[PDB]
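Reading through the C-alpha cells given below for one structure.
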Amino acid sequence: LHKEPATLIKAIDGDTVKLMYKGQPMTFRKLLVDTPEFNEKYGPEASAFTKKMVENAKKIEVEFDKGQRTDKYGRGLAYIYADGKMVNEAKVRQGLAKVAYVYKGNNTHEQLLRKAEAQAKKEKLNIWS
Ligand SMILES: Cc1cn([C@H]2C[C@H](OP(=O)(O)O)[C@@H](COP(=O)(O)O)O2)c(=O)[nH]c1=O
Ligand SMILES: [Ca+2]
C-alpha cells in the first residue's frame, strides 16, 4: 500500500470527505470505520474531530487498499492521512468512531484499527464510556 497526494476540497462529515485526487474532485468514504451521525450521541464531536484534523492538515494523503477503489455510490474507498497521521485510526483511537464495514478485499489496516479501538474501550473513551 502506498500513500498518494490529494488536497482538501471540503470536510463533509465523520466518514466522508471531498478531496482533489489526480486533479479531479472526489467524495471519499473512509475505509474500516463508522461514525455516529450528528444527531446521535457523540455525533457533533465526532464530525468536528474529523473536520479539524483534515482542515488543519498541511498535507493530506490517500492510500487505497488492494480491493475495490470505489464503492457502489461512486465514493473513493481509502485510508486518509493528515500530516502523516491516519485519520481513520485517529477517530477510532478517540472513541469517536467504531471499526466497521470490514470487507475481505480492503482490510489491510484491520488489526491496526482494532487495537486503537481496544485502547479507547480500555480507557472507556466517549462512545465506550
Ligand atoms: C465503508 C464502506 C461502505 N460501503 C457501503 C456499505 C453501506 O451500504 P448501504 O448504503 O447499503 O448501507 C454504505 C455505508 O456507508 P455510510 O456509513 O457512509 O452510509 O456504504 C461499501 O460498500 N464499502 C465500504 O468499504
Ligand atoms: Ca456512516
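Labeling convention for the C-alpha cells: chains A, B, ... as they appear, residues from 1 per chain, ligands from 1 in order of appearance.
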Each residue of chain A with at least one atom at most 9 Å from ligand 1 should appear once, together with its nearest atom pair and the corresponding distance in Å (one decimal); atoms considered: only C-alpha atoms and all ligand atoms; ordering: chain, then increasing residue number; output as a Markdown table.
| residue | atom | partner | partner_atom_place_in_ligand_line | distance |
| --- | --- | --- | --- | --- |
| A:14 | CA | ligand 1 | 18 (O) | 8.9 |
| A:15 | CA | ligand 1 | 18 (O) | 6.0 |
| A:16 | CA | ligand 1 | 18 (O) | 6.8 |
| A:29 | CA | ligand 1 | 1 (C) | 6.0 |
| A:30 | CA | ligand 1 | 1 (C) | 6.1 |
| A:31 | CA | ligand 1 | 1 (C) | 5.0 |
| A:32 | CA | ligand 1 | 1 (C) | 5.8 |
| A:33 | CA | ligand 1 | 1 (C) | 6.4 |
| A:34 | CA | ligand 1 | 17 (O) | 5.7 |
| A:35 | CA | ligand 1 | 17 (O) | 7.4 |
| A:68 | CA | ligand 1 | 25 (O) | 8.5 |
| A:69 | CA | ligand 1 | 25 (O) | 9.0 |
| A:70 | CA | ligand 1 | 23 (N) | 7.9 |
| A:71 | CA | ligand 1 | 22 (O) | 4.8 |
| A:72 | CA | ligand 1 | 22 (O) | 5.8 |
| A:73 | CA | ligand 1 | 20 (O) | 7.2 |
| A:75 | CA | ligand 1 | 20 (O) | 8.6 |
| A:77 | CA | ligand 1 | 25 (O) | 6.0 |
| A:78 | CA | ligand 1 | 25 (O) | 8.4 |
| A:100 | CA | ligand 1 | 1 (C) | 7.4 |
| A:101 | CA | ligand 1 | 1 (C) | 5.1 |
| A:102 | CA | ligand 1 | 25 (O) | 6.8 |
| A:103 | CA | ligand 1 | 25 (O) | 6.5 |
| A:106 | CA | ligand 1 | 25 (O) | 7.1 |
| A:107 | CA | ligand 1 | 25 (O) | 8.9 |
Mind checking which residues fall within 10 Å of residue A:97, counting only C-alpha atoms, ignoring those fewer than 2 positions away in the same chain, and posting them as a PyMOL selection string?
chain A and resi 14-15+32-36+42-43+46-47+50+88-95+99-100+117+120+126-128
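With only C-alpha atoms as the atoms that count, the minimum distance from residue A:4 to the choices A:24, A:61, A:114, A:51 is reached by A:61.
The nearest approach to ligand 2 among the residues A:98, A:10, A:41, A:58, with only C-alpha atoms and all ligand atoms taken into account, belongs to A:98.
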